[PDB]
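Structure 1 and structure 2 below are two forms of the same protein chain, each written out on its own as structure tokens.
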Structure 1
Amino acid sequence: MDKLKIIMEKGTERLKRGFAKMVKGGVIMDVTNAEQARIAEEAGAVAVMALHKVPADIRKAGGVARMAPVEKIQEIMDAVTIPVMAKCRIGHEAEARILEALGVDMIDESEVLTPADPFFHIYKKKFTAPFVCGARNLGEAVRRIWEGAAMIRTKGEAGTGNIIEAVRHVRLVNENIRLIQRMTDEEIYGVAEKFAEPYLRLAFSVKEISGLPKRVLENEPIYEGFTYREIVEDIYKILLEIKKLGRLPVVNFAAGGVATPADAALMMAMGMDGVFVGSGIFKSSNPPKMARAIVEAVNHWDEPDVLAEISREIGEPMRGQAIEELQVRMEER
């Protein structure tokens, strides 16, 4: 009864996780239309990511960023043989189920789209389709995993062409893992308690409205039927798995502001499994050339001579500094 529940939770999880492994070692490319899908595939993309506008443009446009039009996603799935992934707004369950129904290979609960739910992410374990989610540090990654993400990427700062935020997120996650490895089981439990705190945020908001103190009550269901303590337990388990593994239990990709072959190489060299690039490619002057270049960079990242030759023709990345990013997009939690 209980044990069988626990059993499909795990067989299905492992299957979903399994899909992610297919995409490992390659580049996944944001694509807004049939053409771009083709350019992407032709350039050696392991898969494309369908959205309405690339993040750089999302930034320029302002307003609300939602799931791509169904027509567009269709058109893209038709244009290519490789897996098609698509983006949905954080917490927006309906968008995800439409995406799943449409037959996309993976759904990305994306912090670049305007979040739908201020409190919770989608509960991903309920879906058949596998999810990829963003994380700016290990707490985030673990929560996202616990909610059922089959793959995680760094958030970085999307559409900025600036690799710094991606690098920060990778280092934060990695150092946090190494810290876990140096801890006693009990200490790790404390970290698990900290990492589950965000789920309390609804509850506490409501305690405040009701003129009660903001306290965690032991039998109080917080999220999707789970008690705070229950979440702390499950997370704790995941942290232990991580301590053993030395890395994340799922495929872990670098994302955001990859603008040049060297950028991609750098991420790979930091121990990432693969690279997501949207804006770097199509906001570039020669998109197909840049595409192929980044692919070859990810395949050759440990070979400086090759990296050097790979980067001999293209004209871009473009722009957006520390000062005036105007919507710092690494917030979901």
Structure 2
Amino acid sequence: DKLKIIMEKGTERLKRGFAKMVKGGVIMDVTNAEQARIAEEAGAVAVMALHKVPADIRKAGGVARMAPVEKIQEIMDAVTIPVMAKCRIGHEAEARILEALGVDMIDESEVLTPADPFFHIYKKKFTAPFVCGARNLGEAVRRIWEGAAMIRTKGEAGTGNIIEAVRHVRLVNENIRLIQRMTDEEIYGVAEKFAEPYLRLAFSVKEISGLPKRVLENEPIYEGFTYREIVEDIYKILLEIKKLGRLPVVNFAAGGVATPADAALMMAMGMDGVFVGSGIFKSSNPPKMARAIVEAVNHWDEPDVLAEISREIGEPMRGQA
């Protein structure tokens, strides 16, 4: 047909466009409307609604799910900047609920307890735009194909340690520079590999059925798509990245960003922005810490200014090695 192409396109651009306006900023994690207020007052271009911090209980033996709906409502009310909420990997009901509730963006989040061990949410079917984590280029591209409108690093949550975030950024960038040194048929090789994870359910079922674990040409693997059809779509996304030299979506740093210096570092690595959660609340005057983070991002190239922002800002959390 001639539509559904200029329609699906227009719908994709719309979503990606939303994410654009949070560029150059800091998205802060808040647990109560009190916090949501400090955050807006500090310069957060957005907030991330939480009840308990997913990083401990579950990670003191629990299951971390969607935040309670009323607790989210309360946060959307208290502030005028956009508000986000997390859902569990693959949990379509949670996501829809978060979307009927009218959140601005949904985080399909590895920090919550995953709910489908095979498949992420097919985000292209939603109206709310999604942000998703990636540890490397393959992850970023899979999430994007699925419909992700924004990408952040997975990093290392709850630890306040920047290392993992840096690894992910580098893994993604080096994989882009590699794609650019590549021929079109080489790039299609990468697309095949990047599409292997979608096979996981088909292969398990083959083994349960006593058949050999190999790809079959016409067999739907995910949401009606054949393996080849996924490769092809990923390929196109890979050429688009070859041309742009970065992800075709807004791309943030997340996980372990604990100080103005940490924040400046990701910007220096070419990130569009920064998520921070634990880092801030804690310390003896966090409103200043929150503000520091905000300022480090605006002035990430000016050392003399970062040194000023840093002067007396509180006490950054005890992390985890």
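Numbering runs along the sequence of structure 1, starting at 1. The term rigid core refers to the most C-alpha atoms you can superpose between the two forms while keeping them within 1.5 Å.
When both forms sit on the same rigid core, the CA shifts between structure 1 and structure 2 reach 2 angstroms or more only at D57 out of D273, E41, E296, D57. Relative to the superposed core, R66 shifts its CA atom by less than 2 Å between structure 1 and structure 2. Superposing the rigid core and comparing between structure 1 and structure 2 gives a CA shift of 3.7 Å at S284. Its Cα shifted by 0.1 Å between structure 1 and structure 2, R168 is reported here after superposition on the rigid core. With the core fitted, the CA of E9 sits 1.6 Å away from its counterpart between structure 1 and structure 2.
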